[PDB]
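**Student:**
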Amino acid sequence: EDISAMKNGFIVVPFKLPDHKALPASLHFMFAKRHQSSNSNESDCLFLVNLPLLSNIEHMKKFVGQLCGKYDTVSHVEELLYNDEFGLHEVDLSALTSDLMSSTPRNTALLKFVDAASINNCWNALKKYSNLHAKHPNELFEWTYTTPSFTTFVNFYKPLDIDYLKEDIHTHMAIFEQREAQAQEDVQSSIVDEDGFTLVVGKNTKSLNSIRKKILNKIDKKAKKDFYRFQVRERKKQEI
Amino acid sequence: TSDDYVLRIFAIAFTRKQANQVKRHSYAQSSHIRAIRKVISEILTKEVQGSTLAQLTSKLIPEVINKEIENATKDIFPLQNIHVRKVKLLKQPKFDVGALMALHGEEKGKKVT
Amino acid sequence: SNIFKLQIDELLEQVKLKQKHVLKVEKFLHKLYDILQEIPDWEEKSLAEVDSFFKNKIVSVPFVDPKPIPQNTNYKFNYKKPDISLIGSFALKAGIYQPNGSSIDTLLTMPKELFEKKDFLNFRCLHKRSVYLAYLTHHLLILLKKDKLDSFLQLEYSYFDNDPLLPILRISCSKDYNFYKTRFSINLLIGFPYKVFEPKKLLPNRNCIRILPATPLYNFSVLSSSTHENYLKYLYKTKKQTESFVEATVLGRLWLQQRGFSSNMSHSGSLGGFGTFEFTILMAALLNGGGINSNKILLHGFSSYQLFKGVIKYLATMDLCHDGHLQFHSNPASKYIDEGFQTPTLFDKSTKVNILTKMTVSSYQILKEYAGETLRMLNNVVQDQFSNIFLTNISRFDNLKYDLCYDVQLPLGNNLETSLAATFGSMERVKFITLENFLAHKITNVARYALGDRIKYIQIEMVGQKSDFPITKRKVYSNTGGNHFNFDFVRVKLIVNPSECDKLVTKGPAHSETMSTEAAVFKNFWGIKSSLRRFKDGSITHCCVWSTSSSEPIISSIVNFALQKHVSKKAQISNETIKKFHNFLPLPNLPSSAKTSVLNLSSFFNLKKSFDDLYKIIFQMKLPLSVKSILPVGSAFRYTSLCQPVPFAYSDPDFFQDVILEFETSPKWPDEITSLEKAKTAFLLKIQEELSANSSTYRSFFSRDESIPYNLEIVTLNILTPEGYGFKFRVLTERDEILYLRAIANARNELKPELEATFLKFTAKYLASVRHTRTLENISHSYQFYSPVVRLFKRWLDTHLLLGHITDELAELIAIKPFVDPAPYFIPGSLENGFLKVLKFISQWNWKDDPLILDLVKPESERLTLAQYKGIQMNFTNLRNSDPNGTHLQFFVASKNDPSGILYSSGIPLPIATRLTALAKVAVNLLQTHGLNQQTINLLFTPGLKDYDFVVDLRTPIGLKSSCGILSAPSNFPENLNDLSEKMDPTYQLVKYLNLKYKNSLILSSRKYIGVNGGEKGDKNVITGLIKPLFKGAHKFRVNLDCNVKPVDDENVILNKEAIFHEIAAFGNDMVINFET
Amino acid sequence: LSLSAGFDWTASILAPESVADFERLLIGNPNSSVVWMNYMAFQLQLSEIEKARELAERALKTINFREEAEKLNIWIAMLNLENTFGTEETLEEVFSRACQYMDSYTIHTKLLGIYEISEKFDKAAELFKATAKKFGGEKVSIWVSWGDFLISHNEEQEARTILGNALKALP
Ligand SMILES: Nc1ncnc2c1ncn2[C@@H]1O[C@H](COP(=O)(O)OP(=O)(O)OP(=O)(O)O)[C@@H](O)[C@H]1O
Ligand SMILES: [Mg+2]
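Protein chains in written order, with UniProt numbering: chain D, 4 to 27, 32 to 111, 120 to 233, 249 to 270; chain P, 129 to 233, 238 to 245; chain Y, 100 to 274, 282 to 317, 326 to 445, 453 to 534, 537 to 983, 1009 to 1116, 1128 to 1236; chain R, 1401 to 1414, 1457 to 1613.
(1) Against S169(P), what residues of chain Y qualify as contacts under a CB-to-CB distance less than 7 angstroms, listed in chain order?
(2) Please list the partners that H904(Y) has in chain P, where partner means a Cβ-to-Cβ separation under 8 angstroms.
(3) Is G187(Y) a contact residue of ligand 2, with contact defined as CB to any heavy atom under 7 angstroms?
(4) Considering only the alpha carbon of each residue, which of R373(Y), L477(Y), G605(Y), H414(Y) lies closest to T495(Y)?
(5) Could you tell me which whole alpha helix (DSSP H) segments of length 4 or greater appear in the stretch 127 to 208 of chain Y?
(6) CB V613(Y) to CB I583(Y), shorter than 8 angstroms?
(7) Of the residues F786(Y), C1112(Y), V121(Y), which one's Cα is nearest the Cα of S764(Y)?
(8) Nearest CA to the CA of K732(Y): which residue from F592(Y), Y848(Y), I741(Y)?
(9) Hey, is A887(Y)'s beta-carbon within less than 8 angstroms of any beta-carbon in chain D?
(10) Establish whether the CB of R853(Y) and some CB of chain D are separated by less than 8 angstroms.
(11) Would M550(Y) be called buried (16 or more neighbouring beta carbons within 10 Å of its own) or exposed?
(12) Name the residues in the stretch 1197 to 1209 of chain Y whose C-beta lies less than 9 angstroms from a C-beta of chain D; which are they?
(13) Rounded to the nearest angstrom, how far is the Cβ of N609(Y) from that of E540(Y), given a contact under 8 angstroms?
(14) Return the CA-CA distance between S145(D) and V15(D), expressed in angstroms with no decimal places.
(15) Return the residues of the stretch 1026 to 1052 of chain Y that lie within a Cβ-Cβ distance of less than 9 angstroms from chain R, sorted by chain order.
(16) Should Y572(Y) and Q486(Y) be called a contact, given that it needs their Cβ atoms to be closer than 8 angstroms?
(17) Under 7 angstroms: does the beta carbon of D204(Y) sit that close to some heavy atom of ligand 1?
(18) Does the separation of the CB atoms of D224(P) and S720(Y) fall below 8 angstroms?
(19) Any beta carbon of chain Y sitting closer than 8 angstroms to that of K242(P)?
(20) Using a cut-off of 8 angstroms between C-beta atoms, extract the partners of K173(D) located in chain Y.
(21) Out of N706(Y), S752(Y), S338(Y), which has the shortest C-alpha to C-alpha gap to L954(Y)?
(22) Please list, in chain order, the chain P residues whose beta carbon lies closer than 8 angstroms to that of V628(Y).
(23) Does the beta carbon of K739(Y) sit closer than 8 angstroms to a beta carbon anywhere in chain P?
(24) Opposite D469(Y) in the DSSP bridges: which residues?
(25) In this structure, how does DSSP classify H705(Y) when only helix, strand and coil are distinguished?
(26) Just to check my reading of the structure: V176(P) and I137(P) have Cβ atoms closer than 8 angstroms, yes? What is that Cβ distance to the nearest angstrom?
(27) Quick check on the burial criterion: 16 or more other C-beta atoms within 10 angstroms. Buried or exposed for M229(P)?
(28) Classify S830(Y) as helix, strand or coil using the three-state DSSP reduction.
(29) Going by beta carbon distance, what residues of the same chain come within less than 7 angstroms of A190(Y), once the five residues before and after it are set aside?
(30) Spatial neighbours of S1130(Y) within its chain, please: CB distance less than 7 angstroms, with the 5 preceding and 5 following residues excluded, ordered by chain position.
(31) Using a beta-carbon distance cut-off of less than 7 angstroms, what residues from the stretch 186 to 207 of chain P approach chain Y?
(32) Restricting to Cα atoms, I'd like to know which of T220(D), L88(D), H187(D), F212(D) is closest to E200(D).
(33) Given a threshold of 16 other Cβ atoms within 10 Å of its Cβ, counted over all protein chains shown, does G386(Y) qualify as buried or as exposed?
(34) Tell me the DSSP secondary structure of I137(P) in three-state form.
(35) Is any non-hydrogen atom of ligand 1 found closer than 7 angstroms to the C-beta of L346(Y), if you look at the structure I gave you?
(36) What in chain Y is Cβ-close to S130(P), meaning under 8 angstroms?
Below is the structure:
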């Protein structure tokens, strides 16, 4: 409880847990660093570990909001990237099978902010927050564990809205077929290299990608033992 | 079949002329006939072995087997009037009353007095 | 065959007796012969005089009942020096080591001068034999005292082969002459000289007890006792002729012992009558002929295997009891005769002795069946059958060896009822020497006749029979017997015939103007229960009608009535063990449920009929692509669902039976997986709306399927047939398979194992699932008791919280092993026999080193051939080479359908695999120490729940036992289909997702079926977890810990249990009640 | 009472110095390259080269795919193995396989050190050329390490030549 930051640098972020009749001051500890990355989407992010169950963005919106009011900081979380709590999205099966429609750790996620002004405000708020447990454990906020995404997730046996499903089929198929038609046109359009070389494309070929993957995936019988005089002379040596 | 029912099937098919065909006739070269015959034999073997006798009959009534022969042979040569001409039941397993009753979906008598 | 030859050598040396022990005993009994020669002579005495002689002595004459009375004992008694000789297997040097202990047979031939020619009448010779033994024991005792040897010798009378008329003296050594370590016991058999009595007078048909009825048992006893040394010489010659004689004998001895066969008396009730001597003698006869044409069936040049196979074949194929018998000459070529004596008969013309007189008809049948089954195993080439033939004991449990077991407590059990005893009488006394023999037949004939065709084989066993009694007593003393009957109670063991075990009515003779003899006995036997009835075909026959019950079989009812009416009206018949097992099956909430038998699948067929109505509606529907075929795959289609389907019972897990829908091949299918998945969904929409319009009475809704990892777009149409069933449709496309293979190839190498895992589940649900149901539904019609046992087994797994990890297919394939590969046992014919068997196999299964491979075919094609067998074997050896401990894959189950073997058993954590073996072993050990009884069953089916690290109690808002169709109820689906969730159990979905979070840290288990194993209201279910050892202890922190932990130091964290409890708590919401850590 | 069984996580119901001890350790530590490497060293000390290779392949698949550092330990554990005890072809195969799975330049870097540690300077010189040809246009470290290798071996004029080539190739 005296601990505030781990020597690897991770700021500890205690939380107070709800009151459930089954479980009659237990805390949940979240570990954070500043995340540095040249990739633009990964820039201005806050790295998080040991997240609570089903921690969607709205859970972080309240928590940063709780921080903002307490420490009068202006901070907004844009998005929570790489929040794969079950690991369902580890492999993008759509990307593997074809390039059309898809051009593409554990127990952790990246917390994106609006600007560097907001994130460093939050980091300072977290630093003060880390100190609270050592002194005054009562004023640690409370993680709710209930949110609209939680309720939908809890209701496993829910028939799907037919109309919403119906609309989804239509738009995707229209999207796919535009891509399918364009790709087929590209392959069979007399591609020529800058050096006046014409690519060979078979009939029924659909995606120039498939041509690449075909490539990547991929005299002795006509020789005569006795035709030249040196061959027979070799035979005669072995004969005697 | 999978139920150990040895049976013999006969399939009959005919060549057809395309929509824009101008030649009077539509004979197929012997290479195509052998190619078609190889495909037809494969499908008949695949369906029957991957099925029971009861399941096989359930395929015959809608004549789904014929449509698959067409879809497989569509590339080689256009065909018409594809049908399963005949089926012979050469050999049968030991009789199993339990299976027969299940296929058809015991009774106390009446006192005689 | 060379593998088999070596295996015999390895087995032969293992059981070989150690020669040092032979010398130690050979030291003893050679000296003992001196003591026997020390014993003096004795004079003619009357029964009064000998009684006075023994009146004060410690020894008592073991007279055989009826004991000699002064009036009928006019003939006098006398003793003379014997002719000491050694006989038996030890004589032939064919003995083997036995941990329990072997017996040395020493024969003393009382001199012929002590006989009159007519001493074989009215137990005259037997009574003389008795005192001759007693006089020896008297003097042997004092001479034993003189030599200072009595300190470590324990002398007691016993019956030879449990033959009441032939008492003998047994010498055993308790812990220089001390042979206790040898594990031997010297038996003193007092035989008669050869040809004292005319053998023709002693044939089985003739009688030697005046009262005329024949006396086969008494005639054999004296005649055999006079012909001992001759058969030794007979065996000795054949041993000299054929070199492989002794090796053949030991194999038969091992073969006999595993089946619980012995030379002991069988008319008393115990299984036996065919021992090493009978097996040996049969070989000797067959080496001198055996055919109907008197041609040799065995040749002296045969090896040990060939000799054993020939004898095994001959017993299996030739009938020796009802139709035909075999005659041979010990001192003449053996010839098989067609005429039969209705009893096991192996006649010996040279001696006029029937060697199988100790063999009962019922026992002989079980012998014939065992021989034939082993011949089948012997002729098998694909699988090695050495261990099954020789290295497996089938007699350890009666329940596993016999389909049904009934114990019958006879009345007034310190003597039987006067009425019961009065039934014995004199005429049966001359036929059957003892009441135990007579009662054994009485139970057998009524039990055999009443059950008739419903059974295959019957055994009547006298529980608590003793065969060795102290020298101070004249006969054995049973505690409940009181010198009246040597048994505590009788047990009736059956081998039921599944095809007709459950008939409602027992057929009988057809009606006639004049009552036929068969009609007479049928009417008399069944009494009021008899009835004359007409049928739809128009026949008139005598028949008796019973009532089916879901708690017990018809056979229990028949025998209970059968025994009371004929044996004794006070008899008590109780088989509670079978009753408890039947009740453990879920009782369906259908009309007249309690009266339906457990063999009735009417509930399943009703589901199939409703499906066919939907099956018709779909084809006549028009779509862009004509439907290729619709293949039902759901559990209820193959008679495996734990609870029988009930109309409108939608709370049950197995309400919605999956069905595969396949359209005709088209080349337009999307090449991209999600496009392909959503292309499939479009077709289901078209199927849905047309079905809605034309047939409004079908109610349908859409659900998502996430069984397949990373394929998040699968949508399945759920159809609610008006009759009250559910169906889940899914679309299979031929492009689907090749797309997955494309994903594997293009995936990164580190990811390839994961992608192939996804492919494994796809082929598990779509491609494999079809071939399994097809083979399993067909086979089940041959094995009637498959659907009950596999259902009850799946009930067992859920109670111990295993079904969550064991896929239902794997449970089926293990549960069918005892049927398709029943060796060395028989095919199960009872719920209790089959279930314990599945527990037995799992107990002795070494899944780390042994693969399980099954031939899913009907009883004797599609049987695995040697090439295919070896190929599957090769897969296992290659696999364990990569996984020697078995941590990745534990159970290797394969067949024609799954040659790979890893399709149905992948992804189970090792803790769950070991538990399923650990639970099995403890169960069998529990059955071993404590007999099969009500208390034992309850322990089997009640979970420990204490070993798990933390236990969380959950309660559903509403009891689901009614909505699961389980009779301790809904009649229409809710108007809003959203209401279905209000009557469902989410726990199976709760645990599965939480397992995925804590896969690195915890292993959570829950009861899938809450209605069956959740108490009276079916609302109590329990989630139980396990902390893996790594995260149980403190760890240095790292970004890759991937667990919910709390710090202790600057670089140390520990598993935050209390947080995880709250994670579960919010996740269960109102359901969670209590937490136990 | 109940049918209760103690939980077995070692399949037992069915420092390290032996085969069983390492296998026992791996039951609870499938992700530990230190255990796998130590198990590998025991077989190597036991002259079980063929068996040690088998443990190399098992360690690759058994360890969780996300333990990139632990995977790296095996691959260097391999490259040392074929370099010391194998042949040129076997080392080349693993070298080719290693770059397929892991970052190629890092694998190229480690083999360069292995040759230096084993004093296979001639092969180290060749690998520096091949590595520089492939990654010279992007990595300055290869040129610096190659320059150090030449300067350490008292080849100053060669080091100047490589620096000139580094300037040409590098942006
Ligand atoms: N069924 C039988 N018919 C005729 N004689 C028999 C029969 N059974 C036993 N005997 C006689 O009894 C003697 C001893 O019988 P027993 O069955 O003990 O012999 P064994 O084969 O040596 O037995 P063990 O297994 O104890 O060594 C046999 O040598 C034979 O003389
Ligand atoms: Mg004996």
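Idealized CB from N, CA, C, for every residue including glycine.
**Tutor:** This is what the structure gives:
(1) Those do not exist, as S169(P) stays about 17 angstroms from chain Y at its closest Cβ, beyond 7 angstroms.
(2) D224, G226, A227, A230
(3) yes
(4) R373(Y)
(5) 146 to 154, 188 to 191
(6) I583(Y) is positioned such that its CB atom lies closer than 8 angstroms to that of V613(Y).
(7) Of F786(Y), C1112(Y), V121(Y), the residue nearest in Cα terms is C1112(Y).
(8) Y848(Y)
(9) Chain D has no Cβ within less than 8 angstroms of the Cβ of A887(Y).
(10) Judged by the 8 angstroms Cβ criterion, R853(Y) is not in contact with chain D.
(11) exposed
(12) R1197, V1198, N1199, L1200, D1201, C1202, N1203, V1204, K1205, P1206, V1207, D1208, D1209
(13) Not a contact, Cβ separation roughly 17 angstroms.
(14) Going by the C-alpha atoms only, they are around 6 angstroms apart.
(15) Answer in chain order: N1029, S1030, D1031, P1032, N1033, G1034, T1035, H1036, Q1038.
(16) no
(17) yes
(18) no
(19) yes
(20) Chain Y residues near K173(D): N1137, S1140.
(21) Ranked by Cα distance from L954(Y), the first of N706(Y), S752(Y), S338(Y) is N706(Y).
(22) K240, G241
(23) no
(24) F442(Y), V474(Y)
(25) helix
(26) 7 angstroms
(27) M229(P) comes out exposed.
(28) In the structure shown, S830(Y) falls within a coil segment according to DSSP collapsed to helix, strand and coil.
(29) Spatial neighbours of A190(Y) in its own chain (CB-CB distance under 7 angstroms, excluding positions within 5 residues in sequence) are listed in chain order as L346.
(30) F771
(31) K187, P190, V192, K195, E196, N199
(32) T220(D)
(33) buried
(34) Looking at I137(P) - three-state DSSP - the assignment turns out to be strand.
(35) Within the chosen limit of 7 angstroms, ligand 1 reaches the beta carbon of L346(Y) through at least one heavy atom.
(36) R897, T898, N901, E1010
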